[PDB]
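Here the structure comes first, spelled out in structure tokens, and everything after it is commentary.
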Amino acid sequence: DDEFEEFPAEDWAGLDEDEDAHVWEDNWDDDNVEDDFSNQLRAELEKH
Amino acid sequence: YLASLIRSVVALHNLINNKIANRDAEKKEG
Amino acid sequence: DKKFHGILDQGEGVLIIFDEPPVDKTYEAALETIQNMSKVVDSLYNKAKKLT
Amino acid sequence: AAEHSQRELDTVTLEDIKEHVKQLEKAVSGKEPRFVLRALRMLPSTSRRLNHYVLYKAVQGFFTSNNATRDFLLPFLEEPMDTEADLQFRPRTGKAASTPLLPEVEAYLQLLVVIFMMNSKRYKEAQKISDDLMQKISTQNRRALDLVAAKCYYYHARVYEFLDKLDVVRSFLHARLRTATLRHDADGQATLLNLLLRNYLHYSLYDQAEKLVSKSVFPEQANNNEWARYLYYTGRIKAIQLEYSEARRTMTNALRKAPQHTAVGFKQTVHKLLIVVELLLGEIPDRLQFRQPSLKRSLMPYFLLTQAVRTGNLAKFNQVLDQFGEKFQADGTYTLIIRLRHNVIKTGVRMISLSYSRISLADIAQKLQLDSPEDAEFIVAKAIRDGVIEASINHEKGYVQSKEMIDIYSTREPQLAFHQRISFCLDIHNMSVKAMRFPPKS
Amino acid sequence: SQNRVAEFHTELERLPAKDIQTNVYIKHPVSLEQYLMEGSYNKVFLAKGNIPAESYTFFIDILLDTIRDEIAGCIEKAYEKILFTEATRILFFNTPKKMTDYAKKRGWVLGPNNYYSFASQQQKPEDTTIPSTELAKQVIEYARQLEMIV
Amino acid sequence: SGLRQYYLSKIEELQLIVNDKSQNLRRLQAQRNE
Amino acid sequence: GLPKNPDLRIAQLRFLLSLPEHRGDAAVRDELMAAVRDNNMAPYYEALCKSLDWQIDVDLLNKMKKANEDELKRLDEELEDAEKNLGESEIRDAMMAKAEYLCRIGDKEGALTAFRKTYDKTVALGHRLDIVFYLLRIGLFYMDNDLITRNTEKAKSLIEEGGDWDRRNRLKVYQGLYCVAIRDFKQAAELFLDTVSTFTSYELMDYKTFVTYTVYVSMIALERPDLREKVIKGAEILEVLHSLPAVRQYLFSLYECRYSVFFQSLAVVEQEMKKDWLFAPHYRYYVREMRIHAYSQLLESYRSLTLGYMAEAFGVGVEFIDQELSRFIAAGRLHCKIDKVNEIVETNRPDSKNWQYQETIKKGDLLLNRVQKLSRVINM
């Protein structure tokens, strides 16, 4: 082993507990804040 | 390329086996 | 449903019909062999612990 | 009660140390310098499990001859607290005790002592012992001694860095690197190059680091850890300069070559730099790395930065920068983030090029929330010249048309890639066959 | 101005963090570099007027010449058959004839008025000759490594 | 004292080469005997 | 064929209340209050008030705690009588009754300890699996992921050792519900389809709800051939769907390429899934994936297409389809490019040979990395 002592491990000062820790798949698009695709389709039908 | 990869893996296997044998023989002789 | 090999070109009102060898059956075998030899290398990694 | 456990642990550690010196002696006797690497392997574990009794017994038992080094070393060590069950560990017997120990063994014991002194928060005596060891190494000239001197160099630089005197050791490192290069020592070359690059980067002498990298050829037969260090530092240099593509390539290689389980801090640092350089190039880093248990909390600010970059919003970007301003400075990426804060639009243009085969400049302006389409045209032209997007502009109509995708297979490129990999595999097989040993004739 | 952005950033790294965000004399080059990266050349072309100290006026002119050259290079590498609402408008030349000397200096064909084909084809290399001696050498090397006693 | 470092350097280079060659030759001899 | 304990409709109602929109649902509140009144769940009522900031009806809770203590002391006395003389059987039944009432009232930790002791004493494999199922159902009710995983592994080990195929199929349904919870829709659909004809776990949900869940997971996990051979041509699925006009329309719109109706059905399914407690976490991922699936299905049979035609087919505007296609092409889901000067959606599906070459490069690079690392590590 060649433990890289020169580079320190990130400090655990705060070390806040996991918010949700859900383990499904993450994925980027989940971050998006959409507007209720149902409402989107209703608006699309209304505006034709 | 696939054939060469197979050859390389076989060579590594042989090296590991030879090193195991030599280390075991040295341990037993010691 | 893959009844016939062809594609529709809307706007131009066309239907293109072609013949395709979609797969090689050699590249697929090579990929499967690569996966199997990755497993073999994993086993070699496990076996090399005895060297240490 | 734990005293007996500590004593038996010390005894087993002494047995391990004796085995290590036996291995070094066997290496020297057999003319197989690579054997000493087996003993050097356990340096971190031995350092972790070292103790006062261990060090004192080891030095007493291993320095019967040439007691000058005992005189120089023992005073630093603390005398055993009225030990009464001392076994007077005597590894060297009769002729072995009388004869002067080997230079490699003396260097190894000195290295153990300096590591212990460093682990303890006592750096002055660590520096003194280190200087003595380096004088001994300079006086001597052997192969296995050079192999040990590599780690000796590493820890000497470490103690000086702790002292905050990294500048003064620069000339020492340069001199030793020159000697190693003349003597054809790959291990020493690698260790000294990595330490020198660290020295330069600490004070931000990026021009000096770049010049040294350009003029020195890294050894190919270097340990994977040294390769990882070198790749990280070269990627850092290239990223500070405007070579983002090469930086990303080198740093992906560095992270790939780093040890799988350990080196957590190195992984965090390389990951942060990679995130920033990818954002600068205009791509989007993979989200899998953002949830690994080890790299989870550290990379949260960079996660938010990537979020803002993807959903480009200067308000969110400035909020994130203002919040985690100090941590970026601490980690060494604030300037790169500042560059990203103004080259953010590159990502939007990349997404537009990826999605649309032909779009109007007015539509590009609308999508990129820019001013009149002239600014969009200038941005697109800049991107095309930079090579971010393979597209051609046409103002006689006023739209950007993406180039076609060429059939890569019909080209000779697959042949080149496969030839590279075939040659690599053949070299692997040849070296794996040459590594074989048949020892019965010994 | 000399277009050494690599050295620019290498030097900008040396200076402390606070001075690169506070000092009005260090903040002009940083702003100009950032705008150049962003591609908003108009911002700098109007910001030439503001100068922390008259000394900077000399170098602003060379910076403007270099930015014109960079715009020309971007147009040449990108684009196809000129336009960009006439070259003069985007090159920020006050007089219509002021760009003629630079067009002559560069290898631009000077077709119709304000119409210079950039020949982005690059000859479109299509000739292929099946490099055969080198491939034969490579395969013979493969055979040599397969057969030779290592 | 005179032209000793030169001789020692040449001898050390030759010794390294000879050690490597001897190791390779021993491996080859083992294979040949098999 | 198992007790309705814990009643998962209680978890559904609690989730509905926790949802901001329906926290004022008077009818839902009355139904939950009636259930808790009948079942005498003092710990659960305390927890519900603590979570919802609701006033404590101490008048009811007093008599309710009285009844709970009476029943608990009865059970303890009966257990003592059992252990005094009776050997096995009766004592195990006593512990089972005690733990069952504790679960019915809501004491998570007391119930778990009681069931652990009962399992330790029990030796019949069927009863052991029943205990594990009770624990799995508690873990589902309280979304205790670690408990669910541990109990699933324990049940699998028991079945391996040997157990009834009825319990095997019940375990399949339990695993399917957990997979739906943790967003493993492929395995969820596989298990649900396997157990469509062998469904006996009425303790967890109604058969109509089970078939609706199977349909939902299948249309997201199964390609067109499998969806043809299993779901749409599934006799049992069709028989059940005959009484569910909405779900049948939702499935057949996608199958028959009636895209406007499919979008309407997905619009209603979005609200249904958001209200449902098991799907609520993944009520946007499913909708987005179904939209991507529909777009890819339309594009699979078109080299070139017109945004106007796509908008007409989907019953939407041109701009909406432009935004959706741009987003998905950027994310790398749909294989196509949008031409805006002339509104065309030219398809860009990769060539098989070239995709295979790229995959070979990537995988072989990984393998060669590993082989080089092994070769290096061998000597150091």
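Proteins get letters first, then strands, A, B, ... in listed order; numbering begins at 1 in each. Note that these values count all heavy atoms, side chains included, but never hydrogens, waters or copies made by symmetry.
Counting heavy-atom pairs closer than 4.5 Å to chain E, the top residue among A381(D), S423(D), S392(D), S204(D) is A381(D). When each of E377(D), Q241(D), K346(D) is checked for heavy-atom pairs under 4.5 Å with chain E, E377(D) comes out on top. Among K434(D), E243(D), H419(D), the residue with the largest count of heavy-atom pairs under 4.5 Å with chain E is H419(D).
For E38(E), the parts lying under 4.5 angstrom from a heavy atom of chain D are both the backbone and the side chain. Residue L36(E) touches chain D through its backbone alone, counting heavy-atom pairs closer than 4.5 Å. At a 4.5 Å heavy-atom cutoff, the contact between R412(D) and chain E is made by side-chain atoms alone. If you measure heavy-atom distances from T85(E) to chain D, the contacts under 4.5 Å come from both the backbone and the side chain. For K43(E), no part lies near chain D; criterion is any non-hydrogen pair under 4.5 Å.
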Determine, stepwise, if the pair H395(D) / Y79(E) fulfils ring-ring contact (aromatic ring centres under 6.0 Å, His included).
CA-CA 8 Å; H395(D) 191 178; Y79(E) 257 105; 7.0 Å; no
Determine whether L146(E) and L426(D) satisfy the following criterion, side chain to side chain contact (heavy atoms under 4.5 Å, CB included), listing intermediate values before the conclusion.
CA-CA 8 Å; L146(E) 265 283; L426(D) 296 167; 3.4 Å; yes
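Aromatic ring orientation, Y41(E) versus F378(D): perpendicular (interplanar angle above 60°, classes split at 30° and 60°).
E396(D) CD to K81(E) NZ: the interatomic distance, rounded to the nearest 0.5 Å, is 8.5 Å. In this structure, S40(E) OG and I345(D) CD1 are separated by 11.0 Å, a value rounded to the nearest 0.5 Å.
A donor atom on one side chain and an acceptor atom on the other are not found under 3.5 Å apart for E80(E) and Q401(D).
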